[PDB]
Amino acid sequence: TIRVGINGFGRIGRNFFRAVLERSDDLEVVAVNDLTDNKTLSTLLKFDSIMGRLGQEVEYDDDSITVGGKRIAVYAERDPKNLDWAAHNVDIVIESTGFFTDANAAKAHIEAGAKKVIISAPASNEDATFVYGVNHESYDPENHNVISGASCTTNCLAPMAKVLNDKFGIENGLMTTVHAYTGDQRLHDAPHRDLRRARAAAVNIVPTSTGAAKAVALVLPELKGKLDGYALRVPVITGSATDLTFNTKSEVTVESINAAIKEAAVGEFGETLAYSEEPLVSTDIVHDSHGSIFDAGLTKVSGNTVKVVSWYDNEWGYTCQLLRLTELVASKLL
Amino acid sequence: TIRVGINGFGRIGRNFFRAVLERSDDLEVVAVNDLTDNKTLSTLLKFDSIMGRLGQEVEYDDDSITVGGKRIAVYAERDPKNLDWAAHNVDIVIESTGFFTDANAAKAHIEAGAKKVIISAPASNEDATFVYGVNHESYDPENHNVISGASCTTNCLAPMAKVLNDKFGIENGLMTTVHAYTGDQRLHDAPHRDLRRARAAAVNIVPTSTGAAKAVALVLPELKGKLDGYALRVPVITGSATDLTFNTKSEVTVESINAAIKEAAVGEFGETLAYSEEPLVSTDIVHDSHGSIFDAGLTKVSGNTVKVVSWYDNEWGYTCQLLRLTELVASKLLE
Amino acid sequence: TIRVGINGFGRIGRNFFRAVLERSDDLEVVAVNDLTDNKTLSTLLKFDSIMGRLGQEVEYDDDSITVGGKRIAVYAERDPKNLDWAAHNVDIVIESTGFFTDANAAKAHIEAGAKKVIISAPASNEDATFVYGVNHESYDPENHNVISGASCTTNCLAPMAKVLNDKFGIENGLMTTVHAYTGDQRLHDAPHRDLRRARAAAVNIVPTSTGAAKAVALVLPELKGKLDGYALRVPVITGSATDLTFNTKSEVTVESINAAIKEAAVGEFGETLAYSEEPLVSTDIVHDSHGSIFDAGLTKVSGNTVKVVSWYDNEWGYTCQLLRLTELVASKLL
Amino acid sequence: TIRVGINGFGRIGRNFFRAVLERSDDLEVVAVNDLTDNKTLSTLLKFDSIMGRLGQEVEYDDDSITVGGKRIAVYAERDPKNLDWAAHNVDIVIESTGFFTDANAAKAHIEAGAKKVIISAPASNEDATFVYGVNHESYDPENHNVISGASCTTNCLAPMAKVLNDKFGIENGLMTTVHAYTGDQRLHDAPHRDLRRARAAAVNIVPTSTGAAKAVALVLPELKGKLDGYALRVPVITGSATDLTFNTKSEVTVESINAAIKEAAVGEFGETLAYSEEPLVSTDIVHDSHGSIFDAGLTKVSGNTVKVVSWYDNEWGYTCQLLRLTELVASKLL
Ligand SMILES: NC(=O)c1ccc[n+]([C@@H]2O[C@H](COP(=O)([O-])OP(=O)(O)OC[C@H]3O[C@@H](n4cnc5c(N)ncnc54)[C@H](O)[C@@H]3O)[C@@H](O)[C@H]2O)c1
Ligand SMILES: NC(=O)c1ccc[n+]([C@@H]2O[C@H](COP(=O)([O-])OP(=O)(O)OC[C@H]3O[C@@H](n4cnc5c(N)ncnc54)[C@H](O)[C@@H]3O)[C@@H](O)[C@H]2O)c1
Ligand SMILES: NC(=O)c1ccc[n+]([C@@H]2O[C@H](COP(=O)([O-])OP(=O)(O)OC[C@H]3O[C@@H](n4cnc5c(N)ncnc54)[C@H](O)[C@@H]3O)[C@@H](O)[C@H]2O)c1
Ligand SMILES: NC(=O)c1ccc[n+]([C@@H]2O[C@H](COP(=O)([O-])OP(=O)(O)OC[C@H]3O[C@@H](n4cnc5c(N)ncnc54)[C@H](O)[C@@H]3O)[C@@H](O)[C@H]2O)c1
Ligand SMILES: O=C[C@H](O)COP(=O)(O)O
Ligand SMILES: O=C[C@H](O)COP(=O)(O)O
Ligand SMILES: O=C[C@H](O)COP(=O)(O)O
Ligand SMILES: O=C[C@H](O)COP(=O)(O)O
């Protein structure tokens, strides 16, 4: 049993908590930190507008929350400097506040007693970035201590981009992700550093940035310089699609693009990348554990220009990818 | 011209700005304070997800925003004592941050040179509380300097309750407001002092508190102890309905209940309370200037139990009410 | 095994089918009728925007759908006169089209071979109307052959009203149900017999009629003349609340109102009526199997005036009530 | 005054009626046909969930609706051949039912007394297809009698594609439109010819086809064979964006792409195509009178791959395009 801490018990933090409880044979979460009281945090754990009710008993007191009879320590320290992970023999910390994506700030978890930190986001100054199934074999357990599990959109794009680039050669590609709103956006028009994410999220199509396409090149260096893109945030609470339009020198058809994905999406990698010929809408991919669900019915080809589309539950899909990365870390030294 | 300042250029602050510009012939907003830069503030002024584009040119610089050629000084002071309302000859400040609903915190504006503060919410320690059309004739220009315009829901409920209580006598009533989500609620499930307002606002029916419950007694003391209620926040961006179920000793019918409203909703008071027999849905009452839009189709009566329903645009409606109150304050002595 | 047919394989029809799979050991759905082809109907069975992916394997051909290896005959007959329920040895028909709530039309199912018809709505000219847990003991297997399971709202209100009426005496009450939109409302402003339900359902609070308050009298005749109310349809896809305000001569407090429900919400009746002190929102009661989930936190009292609020999943909760009624009819002579 | 009839008084029909009142001095709507009674149709005319209250007085009787004192005849004929447009001296019929896009069926309007039919959608067997501002100069008043004003998406894509093809050259391109839901989608999961459009529109991202990029080739024949694409329908009630990714014949920059649009978007053409550097979201382009609002901030370039995005109010903007086309027909023979 490896012991995990969660810093930032938010959408991703609580998705991760439930992913561990539900999916892992060898991890347990034993401490969490947020900015609220235990009555509030247990309530949010127990009841979820997306995931439904937790199917285990949840109690709390002024020190802790107890889930299915297992006591979890709870903190409310804004500054991780004030945490003590070692007091709970915690091995791995998930950094999911959204405020410590700089690895020089996140490393405070290691100063506070943990051996490893996994940032639930694109990072700065990290030791390494990983998309499980794409580049996790380059994980170095001696030297990779504060790592990123990249973004939701990256975990969707990279698996697809790898398969298609390996087979045919991507010359350049531009991406649009049509993406569930997230808590970074405002419910009502209000100040934001991004003037478009300032706008009422549940009644708007909101264009905004994604670092996903260039972040893809962090995990697939061969695609450096070859990808860029943006997001349209739209009114669904979770569930997203990545739409990539790329050129290739190869001779391709709808059928051979789709065959390349189907051929790859098997075995362990097929837990990351699924292939589908179903009449999917976003609600069909909510609570799907894949990082990427390729939608063969949406493939288009015009000359040497290809459009492909892959779905992802930006909460749960991404979380399951992060758990796969976490399991690997836990499988090796420290 | 009486000159007005706005503290907190949010939903209500910007609604208020547009209402003054669109509706008033004798007020001018000349200074605003918020917590952001002028690029951001002027974007949110020009573009609105509810009200649409402002039909006038909007420019900005390091110290101001200019609307239709009229320069508005802008500040970014978290503490209102770092403002100077007197420097721009501002007589009346709208307090619409949501953080200064305690009148003894809102009086920081007076310290900074204002003569009158109107809090855009239920207040504590306030000089007085008004729902325009209901009790504004009680306004005391000498003694009422930091005042409350009450809440959206109160401004909906009190007109209706007054007409009905006056005609038939309300023994007790209990209200449910089915209410648009507001910026106090969370887009995704996240911490909040209210465990239900914590929950994703646009996919949930969310039970919670309403101001109106007890606050009606501030403007209608004869109903102290006789009313209470709550809110169901639901997924519409604006537009709300107050549903009041009450007992009366009077013998009443749907018809006599409706006739009481229709006979009162006339003249000046008709600007606060309207009577409709239209097949209304919430989008029909968005951008309606009334505090309370009585829906005669929804009246029900069973023995001595009565149900009445009134609509309100909890943004614009309330805002037009606050503008009425501001106009009254501006029409009387400012010492 | 009692054999069931479903006329109208819509939201309620398909809920019902899933509920049978999940919750019954003696019923089997063997035939369904709708107005579409089997490719379309099987797709709607498999993929559901509310309930998610059906866990069984689904196939179809030109006259059936096969679910988990069990072949279900499919018809496409607008007029039930053209049905033959006897061909597949059907005992009970669920009438869930919306169009045959007059028992004089729904008895066509009997003439077509069925032994019992359960109308999934308030009916007219019916033999009996039941809310399970309220008046199901009055079911008469000889003489009750075309019956009504009432509405969703009636299954929410009646349990709560029975308990409060029995304990305190309801003089008169008026109800507002704040109700999810349903399929008979319009996505865009468009013709409807009801001028408000004509209006775009997902952007409006839409006032409309409900007979539930007068249908309660069919299952609790002691409340004849003493209840009325209406609905507000709001933009959630399922999940609803009944808000009842009533007068009583009893001396009552919030506490004693709440205690009355808690005391009753036990044993078998408790599978119909639940009692909750949780901080519930509508997503929390999606897929709850109760007809009625009383919210003790929302109880208010002013003198002799009382307001109570009970939740219901107008799809799943109602369906679980209809299945309980079906199970009773199935347990007796047919 | 040229007299207009509207067949199908739905979203587009009623937008058109309002556009005529607001924007025309030489057209008059004098009769309409739908499938409903006049109480219902007058209510829908008066109250609009998107456009708000009509500022004219509306009354009705059993064969008409009166607006601002002007009596409009109302028919309820499912079959166009049972209409008599000569009764009310109608010159031009807007065909906006969705059911008569085949010109061989739409021509029944001509037999019923009209001189010209404008189909508010891509057509089959038509005399000609027009995107105002792009190819309306090819209109032939002798020979073009049953015509199409194309789709919303075509009216958005074609102006932008004309300019970028003229200046830089499109080799091939693939489009995604992120599009408001429309009334042919289902509110609740229900039978539809399209198995995705079957799915609850207000909670899903719904992929579906669009002939729009291939219909561009009808108004810009130089682009025949060079465009394809699809739509994602998303939960906003109106307001859409067309995202085109194309390979350019010449090297370009973001700045030069943006400059080309700004340079062209002037004069009459600029009433069709606008240029924006504003931080736009969908609610900002609701009720905009342009067919295409080019968003300079979303232009991206990687090598010879280019992504451009243009907004459109798929109701009002398209309707303003349709009215421009109507004015042109009205200004000339018959
Ligand atoms: N779809 C998604 O939501 C998604 C997917 C992939 C990655 N991510 C990333 O994961 C991170 C978390 O996003 P989220 O959607 O869960 O955000 P969130 O707002 O839902 O959760 C953040 C949580 O951290 C808490 N918090 C904030 N500052 C804190 C501090 N200093 N100390 C402790 N707790 C603090 C908040 O109270 C909240 O509970 C971000 O970096 C985001 O980009 C999000
Ligand atoms: N929205 C409604 O329906 C509604 C209706 C009636 C009354 N009200 C009341 O009006 C008040 C404002 O509500 P809102 O909906 O406009 O909120 P909001 O969040 O939309 O706006 C608040 C604004 O104040 C600014 N702000 C916050 N703290 C500040 C400070 N210290 N100094 C300066 N600016 C500051 C914020 O940046 C924001 O722009 C609240 O008291 C609320 O109860 C709201
Ligand atoms: N919340 C709810 O959805 C709810 C709850 C309780 C009761 N009900 C009642 O259940 C009934 C069905 O409602 P619903 O929500 O499932 O509606 P729905 O529109 O989802 O389903 C009706 C189904 O019947 C089919 N159909 C229509 N006419 C037909 C005919 N002549 N023959 C065969 N099939 C036909 C349709 O194609 C559709 O699949 C109604 O009476 C409604 O009042 C609905
Ligand atoms: N965004 C848009 O809504 C949009 C944009 C561009 C083009 N269009 C096209 O315009 C047409 C109408 O689309 P809409 O969105 O207005 O649809 P709609 O569903 O809002 O309107 C169609 C109207 O036609 C009526 N109708 C149906 N069959 C009829 C018949 N046989 N005879 C007479 N009336 C009949 C309906 O009752 C309804 O009022 C379609 O061809 C559509 O593709 C729509
Ligand atoms: O949903 C949350 C993502 O991690 C942030 O989105 P993105 O991957 O498009 O940047
Ligand atoms: O909507 C904003 C109101 O002022 C807050 O609602 P309320 O009046 O029900 O408290
Ligand atoms: O959910 C659909 C209902 O059966 C019809 O509404 P109601 O129960 O409120 O009458
Ligand atoms: O909006 C209605 C259109 O006619 C349908 O969309 P489209 O132009 O992408 O086909």
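Residue numbers (our numbering), protein chains in the order written: chain A, 1 to 334; chain B, 1 to 335; chain C, 1 to 334; chain D, 1 to 334. All C-beta atoms, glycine included, are put in the ideal place defined by N, C-alpha and C.
For residue i, the three-state DSSP class (helix, strand or coil)
{"i": "D:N33", "result": "strand"}
{"i": "A:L187", "result": "coil"}
{"i": "B:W316", "result": "helix"}
{"i": "C:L273", "result": "strand"}
{"i": "B:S138", "result": "helix"}
{"i": "D:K332", "result": "coil"}
{"i": "B:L298", "result": "helix"}
{"i": "A:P80", "result": "helix"}
{"i": "C:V203", "result": "helix"}
{"i": "D:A231", "result": "strand"}
Start and end residues, alpha helix (DSSP H) containing residue i
{"i": "C:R14", "result": "11-23"}
{"i": "D:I257", "result": "254-264"}
{"i": "D:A217", "result": "212-219"}
{"i": "B:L44", "result": "38-46"}
{"i": "B:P159", "result": "152-168"}
Straight-line gap, residue i to residue j (C-alpha atoms, nearest Å)
{"i": "A:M51", "j": "C:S124", "result": "40 Å"}
{"i": "A:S289", "j": "A:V4", "result": "20 Å"}
{"i": "C:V266", "j": "C:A215", "result": "25 Å"}
{"i": "A:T153", "j": "A:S292", "result": "9 Å"}
{"i": "A:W85", "j": "B:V134", "result": "59 Å"}
{"i": "A:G225", "j": "A:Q56", "result": "48 Å"}
{"i": "C:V90", "j": "C:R193", "result": "35 Å"}
{"i": "B:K39", "j": "B:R14", "result": "15 Å"}
Limits of the unbroken beta strand (DSSP E) element including residue i
{"i": "A:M175", "result": "173-180"}
{"i": "A:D295", "result": "292-295"}
{"i": "A:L244", "result": "240-247"}
{"i": "A:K70", "result": "70-75"}
{"i": "B:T283", "result": "It is not in any beta strand (DSSP E) - B:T283 instead sits in the alpha helix (DSSP H) that spans 282-285."}
{"i": "C:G8", "result": "Taken as a continuous stretch (DSSP letters only), C:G8 belongs to no beta strand (DSSP E), as it is neither H nor E."}
{"i": "D:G149", "result": "Unbroken run through D:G149: none, as it is neither H nor E."}
{"i": "C:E59", "result": "58-60"}
{"i": "D:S64", "result": "64-67"}
**Study point:** Ranges of the beta strand (DSSP E) found wholly within the region 98-129 of chain B, counting only runs of at least 3
**Key:** 116-119
Point to revise | Contact residues within the region 41-61 of chain B, judged by C-beta distance below 9 Å to chain D | key: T43, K46, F47, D48, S49, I50, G52, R53
Exercise for review: Using a Cβ-Cβ cut-off of less than 8 Å, give me the residues of the region 160-181 of chain D that come near chain A, in sequence order.
Suggested key: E171, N172, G173, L174, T176, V178
Practice item. Below 9 Å between beta carbons is the criterion; list the residues of the region 297-310 of chain C that meet it against any residue of chain B, in chain order. Key: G297, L298, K300, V301, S302, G303, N304, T305, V306, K307, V309
Check your understanding: Going along the chain, which residues of the region 281-296 of chain A sit with their C-beta nearer than 8 Å to a C-beta in chain C?
Key -> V281, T283, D284, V286, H287
Review point. Listed from N- to C-terminal order along the chain, which residues in the region 182-206 of chain B have their beta-carbon within a distance smaller than 8 Å of any beta-carbon of chain A?
Key: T182, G183, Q185, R186, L187, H188, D189, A190, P191, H192, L195, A198, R199, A200, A201, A202, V203, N204
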